[PDB]
Amino acid sequence: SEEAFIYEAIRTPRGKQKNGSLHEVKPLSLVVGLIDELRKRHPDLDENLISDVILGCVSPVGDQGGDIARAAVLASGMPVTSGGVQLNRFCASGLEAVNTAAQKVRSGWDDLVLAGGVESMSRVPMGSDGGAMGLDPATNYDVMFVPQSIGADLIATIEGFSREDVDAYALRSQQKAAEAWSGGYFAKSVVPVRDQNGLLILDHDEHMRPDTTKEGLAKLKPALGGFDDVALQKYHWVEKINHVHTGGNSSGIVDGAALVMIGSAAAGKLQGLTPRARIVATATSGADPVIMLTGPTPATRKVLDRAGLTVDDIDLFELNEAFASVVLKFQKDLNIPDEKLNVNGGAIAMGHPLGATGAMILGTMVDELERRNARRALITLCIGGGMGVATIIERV
Amino acid sequence: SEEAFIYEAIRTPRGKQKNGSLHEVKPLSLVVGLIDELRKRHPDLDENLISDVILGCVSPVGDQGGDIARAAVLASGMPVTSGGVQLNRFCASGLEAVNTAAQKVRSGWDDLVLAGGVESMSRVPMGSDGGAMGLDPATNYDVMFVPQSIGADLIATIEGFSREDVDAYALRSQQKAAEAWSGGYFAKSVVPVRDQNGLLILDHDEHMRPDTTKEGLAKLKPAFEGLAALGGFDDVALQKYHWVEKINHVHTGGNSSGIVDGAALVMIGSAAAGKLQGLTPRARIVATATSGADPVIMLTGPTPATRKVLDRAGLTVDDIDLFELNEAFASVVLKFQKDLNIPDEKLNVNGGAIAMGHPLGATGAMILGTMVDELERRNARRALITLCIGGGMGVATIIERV
Amino acid sequence: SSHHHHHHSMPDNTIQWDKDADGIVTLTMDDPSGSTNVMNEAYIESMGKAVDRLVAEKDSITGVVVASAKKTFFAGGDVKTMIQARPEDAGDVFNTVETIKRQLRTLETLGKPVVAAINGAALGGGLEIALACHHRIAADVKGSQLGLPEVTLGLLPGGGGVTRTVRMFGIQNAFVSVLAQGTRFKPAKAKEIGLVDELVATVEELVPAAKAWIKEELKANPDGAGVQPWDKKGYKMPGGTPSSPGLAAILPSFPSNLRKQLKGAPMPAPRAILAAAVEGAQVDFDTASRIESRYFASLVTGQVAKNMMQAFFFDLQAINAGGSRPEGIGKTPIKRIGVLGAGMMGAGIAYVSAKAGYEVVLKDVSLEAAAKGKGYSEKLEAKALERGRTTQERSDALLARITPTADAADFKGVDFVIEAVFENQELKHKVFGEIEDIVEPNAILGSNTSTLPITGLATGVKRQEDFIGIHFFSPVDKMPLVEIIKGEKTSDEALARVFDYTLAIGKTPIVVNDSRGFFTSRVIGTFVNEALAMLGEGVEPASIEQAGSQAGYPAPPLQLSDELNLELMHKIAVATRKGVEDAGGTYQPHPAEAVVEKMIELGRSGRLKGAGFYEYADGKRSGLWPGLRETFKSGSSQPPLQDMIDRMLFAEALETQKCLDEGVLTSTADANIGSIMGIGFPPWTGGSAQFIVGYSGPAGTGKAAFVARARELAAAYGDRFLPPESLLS
Ligand SMILES: Cc1cc(NS(=O)(=O)c2ccc(N)cc2)no1
Ligand SMILES: Cc1cc(NS(=O)(=O)c2ccc(N)cc2)no1
Ligand SMILES: Cc1cc(NS(=O)(=O)c2ccc(N)cc2)no1
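Chains C, D and A, in that order, are what the protein sequence lines are.
Numbered according to the authors' numbering, the first sequence spans residues 2 to 223, 230 to 403.
Positions in the second sequence are counted from 1; adding 1 to them yields the authors' numbering.
Numbered according to the authors' numbering, the third sequence spans residues -13 to -5, 1 to 720.
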């Protein structure tokens, strides 16, 4: 019945982990800044019609605890009837908020919902929230807990991706990310962060090393347990894991946030908003918790059956660059064309602010569909714990 | 478009805080015990059709961190495609999980979803996650941060609820909770917690004080065992409510919700979902609504949220057979009863959190399944469940028996 | 990242250099442009050169000593420059303190011990220079003070004070003790808390003890030489970090306890200090130091700082520098004071006069009443003995200078009369006539009058020259202002003698020309009347008191109206109504007069009669009278809270402009400080006159916006809010 439309999709720049510009900025004030930008774009928007604010956050502790979404509603002066809820599905928390918001609009019990995520990894490091899956000896044996870097190395070992193969995609992501910045692709969707005085704090992606060379990537080097032995205990047909993933061919640890406004056609009509894309379908899948990073392939196929589409029907494929082997495995399975996959750079170059990544690359595809005058795009991410998500958008 | 139905809604007994029985039980084990109970009810159910497990948790730290829902999916051996996600909307996280699960079914992109919550407050106390609204002086000023204890006393101050009034409802809750337990109302929905050897750990809401007397509640002292005992929050609250001279501190530990451990699980699915798995529907999710309120009183949220869910379903106050408001504080219920003219015989007929406890992230799903079993026992049709939320929010849900 | 202020394309030097054969550099600060080392543009470049030199010669330097060749050490910064910082200049303000702290951070992290030679006042930025050193030695000289009084001017310790004090004592202790109120510390108390480490007798021992401490530190502590406790691996912030469970349990109460004390007033300085302190404890030192700069630039470019810097610095300077004093006059010393009347005023005048070392004779109508007036001074010394703020040796000599008496001849040898009898004109003529001849001939004849003009009171004495108005404020032991009223026949020497007397007892004087109501009691009349009229209009008393407290007043208006006594407020209106009808006119009464007269009919006319707007029992104040709502139909009028606040602030600001127009006040400085220290005007406004030029409302900022808001109040409440022609065009 009610179709869900994307009206605005903005994001903050990504400040690097060490000596980052966003290290002095609380993660709450990052979300408030994006709320003020939506106010600037639509000053006559009736914020009373905004019924919920959904944010994704993998480490909701400290500066990110206590329902950071509700804190963003009250600190920004939004109406108290605007809700505010925080969710966490590991790496796909940002896109899960978008999907849940769209599903809330389709049910008819929500008219205008803000969705997104925030993750200040320099202030709240990964794993600060603890977790029974990793810090409880009973569970850490049942789920066969292994860090995602080893699951990625296990992917490259089985599929046959060499160190040069993963470093090739790493160099490719750095080149396409700089070309997007130089071309002004991210000019309108990247809202620079400023202090309480208006002074600039950050206006670009710091983690990008655009002058990367294939010789420098090979200089990089690839961790205190038997996670290798634990992984090979389930994958008994492979003798040794080839650790090909370094800091230059994996996702970057950065701080950042992203916001997406989702509503029905009547919500934008009443509030004078113009739709930019339509949420076609969403799907949730998973794969075994050892390899962990093979969720995209079954999740993408599931979202294609729902929409009745194939790989040849999609114009752009956006997969989160958590690790290089994850993208090469996803590209090899579905035979994704090399010119449709992460066309405006990826997380290896720009970063992976966990809870905000799924909402960042979501709006990134909204821009490229409108820039190329294309039609469809499929956004997917690999999830910790062995889950997978997928979302198809159609330009309007 | 697709109708969402409740097929099973179970919960664990609520173990008290000090010297509690569920203190030695990891909160993840509380959810796996409920997952294993569903398999005991329907051994032939193809769990591959379960696409998501949604749990509410207000303090997702320590034993409750790292997507505890996913840990439940993996530790209990559920299919790896069953997802898992935690959500935090303060006191209504348990119902927000069911409302989101229902909305996930209405979109048609999710068929069978498990929803509920978990909160082991004897192991993970409130505030363990921190938060900018509390631990940031800039945010703590813009958002006039005042704990729920003062907002409850402020409601009783404005509406004129005396100390005997709030203590009268506390006795009322303890009485109706004991009648429900002694009457066997909870026999089939409160799954007793056992250990790795099948030995009994807890099979009742051990926070209940059933022999409570009016004279006993009067001897209790006003709340001064938390952040409220520090100071300033009374001055801060009256700076916005400047027409009020003095806040009458009437809420004690006997007329407020109990600090307990517990968990709840609800299975929501479409009409075709339960048909394929051979599940008999018990109730239908009619409508949900979410409206907030002023963040200083922060507990008047149930009043507008109940009206918006009635207007969406085309129903009035007279069409609801049972009302279930979370007994966070006595004044929150008296305010809700005074506003909408709720008859006394329909409001929390089987006790509430004052007697049985309030396991934050799991309460919304606990009191939800309570009404699903009471609608069938009374053979009534409609029931409305609502909660007051921290920060000044509200969530209401209408269910219809099938 | 450079120690200098310009990377592009001529100030003086204020720091000397001296390296010894041991390798110790003595940085002696000596600014030639003034008698006090300030944190001006010259100091930044002077220190920028020295710190650059400490690095290029680090191979021949073993330690550093920071000394001063002035009486003080380093008192404050350049207020004349900061008060002009526009919001556009936020980038330059941020880079300035970031450059200042970049110098101190290198001095601090030099691998060599740095000792401070605090030879005097180390206030504000000066203490920030000392806190950057690794060891501090203070000379226990008289007059030396150490603190961070940046909050009193509307600013914050932006040269590392907030970051370093929290690193030494934690968030809670550094905020309360040093940062929040900017309290000044004596050298003994400074060593006691942790600001200073050692003490010496004279200033000639500082540099020797500084170099001696360097030699022993390099000898017995070679590894930790020149390393602060937070630059080590195992630094544990005292009291914990915001991520600590013990501190997290009480951290949410700091903004509420601060809002409890500020009473909801718009003072962003303490709020910003607490923010920078907590945000600073979450990150490293350098990241915290940068956050401190952003909150600092947030205050300098604001309006509250420009009001507090104008009043509590520039306006306070002109007053203490003889701006209101009559010029070309000598100082006639005082030998013995005689206070007439031993009430709450007369006893308070006798205490503050005897505390300064003056022999005071306390006369009343009986020995039972005069000795009981001296008991007001005894009951305060027993409080200062328990708190440990004075010694028995110095307190027994304090009460010994108070001679209570009832015989008028005991006023022999008195060269300074301060009358505090009842508000009755012919009584003051009667009181002064009894003793005008017994006192010395050229004695000051002062009168603590509230409304009666000094010109009329002077007719009851033979020498109208030495008759002057010395207006005090109860409680006299705490109120720091003395309103001096100049009668028509009052000479100029009497103005200067009472001016010097005010500074002698540690108070602030203002000079006011003789007029009905003077300036203090007249303007405060428009304050309590706007609240009383508001109560008669049907506004809730709780909302009135809340609006009065959130405006910035020390006491709410209805509470003040009980201590001001409503029967005297009825007498003022009858006196004002008489003067208009005596001149053949038509008196337009104030809407508050009917509220006063109604309280008289009910018998609740203030605290003195045990009942007023509040209920009084057991001496203390209980609460608002329950019969107040049904009497005035409270609740039938619910105006916005900001309208209640503005109606009280604008009534005084507009009434202050009349005093400047009518010739009552002669300077804008006496209008601001006289209203702040006299009637308790909110300090964030910078004074009742500064409130006009520095008004910051939602419609604008400045005199044009003040007039606009006055016309909003005028069209909605009455013509009394109409701005005079002196504010228009
Ligand atoms: C540390 C840390 C956090 C973290 N979370 S994770 O990478 O999301 C993860 C979750 C489940 C499993 N089974 C493995 C990894 N993993 O390590
Ligand atoms: C401490 C602490 C946390 C906490 N959580 S809370 O009760 O959910 C809450 C949330 C928002 C506001 N404004 C007040 C209280 N309450 O006290
Ligand atoms: C403060 C302060 C000064 C002050 N002046 S005062 O002279 O005491 C006074 C007396 C009566 C009336 N109606 C007004 C002021 N009163 O409080």
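Just so it is clear, CB atoms sit at the ideal spot from N, CA and C, and this is done for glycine as well.
Within chain A, partners of residue i - CB distance below 7 angstroms
| i | result |
| --- | --- |
| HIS24/C | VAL274, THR278 |
| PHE91/D | Residues of chain A passing the Cβ test: none, with the nearest at roughly 15 angstroms. |
| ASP196/C | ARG285 |
Continuous alpha helix (DSSP H) stretch holding residue i: start and end
| i | result |
| --- | --- |
| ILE69/C | 69 to 76 |
| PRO199/A | 197 to 211 |
| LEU472/A | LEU472/A -> not in any alpha helix (DSSP H); beta strand (DSSP E) instead, spanning 472 to 477. |
| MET357/C | 354 to 357 |
| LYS251/A | 244 to 253 |
Cβ-Cβ distance between residue i and residue j below 8 angstroms
| i | j | result |
| --- | --- | --- |
| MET79/C | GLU120/C | no |
| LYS354/A | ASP387/A | no |
| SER51/A | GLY25/A | no |
| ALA363/D | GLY117/D | yes |
| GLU325/C | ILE368/C | yes |
| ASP406/A | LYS322/A | no |
| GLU328/C | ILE355/C | yes |
| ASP130/C | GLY67/D | yes |
| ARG513/A | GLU653/A | no |
| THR82/C | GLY293/D | yes |
| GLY339/A | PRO500/A | no |
Coil, strand or helix - residue i by DSSP
| i | result |
| --- | --- |
| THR398/D | strand |
| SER687/A | strand |
| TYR286/A | helix |
| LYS182/A | helix |
| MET145/D | coil |
| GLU536/A | helix |
| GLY263/C | strand |
| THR387/C | strand |
| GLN197/C | coil |
Contact list for residue i against chain C, beta-carbon separation under 8 angstroms
| i | result |
| --- | --- |
| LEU29/D | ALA133, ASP137, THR140 |
Range of the contiguous beta strand (DSSP E) that encloses residue i
| i | result |
| --- | --- |
| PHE6/C | 6 to 12 |
| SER121/C | 113 to 121 |
| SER59/A | 54 to 59 |
Where residue i meets chain A, residues with beta-carbon distance less than 9 angstroms
| i | result |
| --- | --- |
| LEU200/C | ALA81, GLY82, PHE85, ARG285, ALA288 |
| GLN18/C | Within 9 angstroms Cβ-Cβ: nothing; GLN18/C doesn't reach chain A, min ~13 angstroms. |
Chain-ordered neighbours of residue i on chain C, where CB pairs are closer than 7 angstroms
| i | result |
| --- | --- |
| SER234/A | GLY63 |
Listed by chain order, chain D residues near residue i by CB distance under 7 angstroms
| i | result |
| --- | --- |
| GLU531/A | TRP244 |
| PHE160/A | Within 7 angstroms Cβ-Cβ: nothing; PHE160/A doesn't reach chain D, min ~17 angstroms. |
Listed by chain order, chain D residues near residue i by CB distance under 9 angstroms
| i | result |
| --- | --- |
| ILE241/A | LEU228, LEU231 |
Three or more beta-carbon pairs under 8 angstroms between the segment 86 to 98 of chain C and the segment 61 to 73 of chain C, yes or no? yes
When the Cβ atoms of the segment 163 to 172 of chain A are set against those of the segment 141 to 151 of chain A, are three or more pairs found closer than 8 angstroms? yes
At a cut of 8 angstroms, does the segment 73 to 90 of chain A reach the segment 40 to 57 of chain A through at least three beta carbon pairs? no
Taking one C-beta from the segment 16 to 23 of chain D and one from the segment 100 to 112 of chain D each time, how about it: are there three or more such pairs within less than 8 angstroms? no
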